[PDB]
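Numbering (my numbering), first residue to last: 4 to 131. Cβ coordinates follow ideal geometry from the N, Cα and C atoms, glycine included. Worksheet: the structure to be examined is printed underneath.
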Amino acid sequence: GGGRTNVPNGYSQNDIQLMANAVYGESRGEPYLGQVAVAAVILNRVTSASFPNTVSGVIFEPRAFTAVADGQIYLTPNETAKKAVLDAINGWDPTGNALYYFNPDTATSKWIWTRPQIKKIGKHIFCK
């Protein structure tokens, strides 16, 4: 008792495969660091009080991950996306505890644009 019981007790094989497919939908063709970056943001959302506390809850939150609306969820995961998920699970967060990201070329959200930018990796600026 008294442990970290508000977050998942590790991640299942389903959780990993789901997250890999989410990562791929966000970061195909990006530098590897940017793939780890999206995986880290997923985990940061899971562990944040501001978002759902299950992998499913985070991935399926409306508009959160393009792979859901695009219909690229129930399929065999990309190898390097999955490796990025495992790297993030093992504690690599290149984003400085980011919860959000955007593409500066396209983003229209005042709120997102007004958060301190942590950093840019590839096409994504990361924020919290």
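Beta-carbon spacing of residue i, residue j below 7 Å
i: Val88; j: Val26; result: yes
i: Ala42; j: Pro97; result: no
i: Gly94; j: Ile121; result: no
Contacting residues, own chain, Cβ-Cβ under 7 Å from residue i (five flanking each side not counted)
i: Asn81; result: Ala23 and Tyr27
i: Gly125; result: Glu33, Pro34 and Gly37
Minimum C-alpha distance to residue i - residue among the options
i: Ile92; options: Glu33, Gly4 and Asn47; result: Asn47
i: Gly32; options: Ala52, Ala84 and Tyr14; result: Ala84
i: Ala101; options: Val44, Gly6, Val39 and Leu21; result: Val44
i: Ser15; options: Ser51, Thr8 and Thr57; result: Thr57
i: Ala52; options: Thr111, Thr8 and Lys86; result: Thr8
i: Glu29; options: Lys123, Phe105 and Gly6; result: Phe105
i: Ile128; options: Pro107, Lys113, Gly5 and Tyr77; result: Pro107
Environment of residue i [buried if 16+ CB atoms lie within 10 Å]
i: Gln20; result: buried
i: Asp18; result: buried
i: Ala70; result: buried
Neighbourhood of residue i by C-beta distance below 8 Å, restricted to the same chain and skipping five residues each side
i: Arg118; result: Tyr103, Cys130 and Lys131
i: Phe54; result: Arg48, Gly60, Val61, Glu64 and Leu102
Contact set for residue i: own chain, Cβ-Cβ below 6 Å, skip 5 residues either direction
i: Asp90; result: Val39
What are the start and end residues of each continuous beta strand (DSSP E) run of 3 or more residues lying completely inside the region 91–127, in chain order? 103–105 and 120–124
At 3 residues or longer, what runs of the beta strand (DSSP E) sit wholly inside the region 9–87? none
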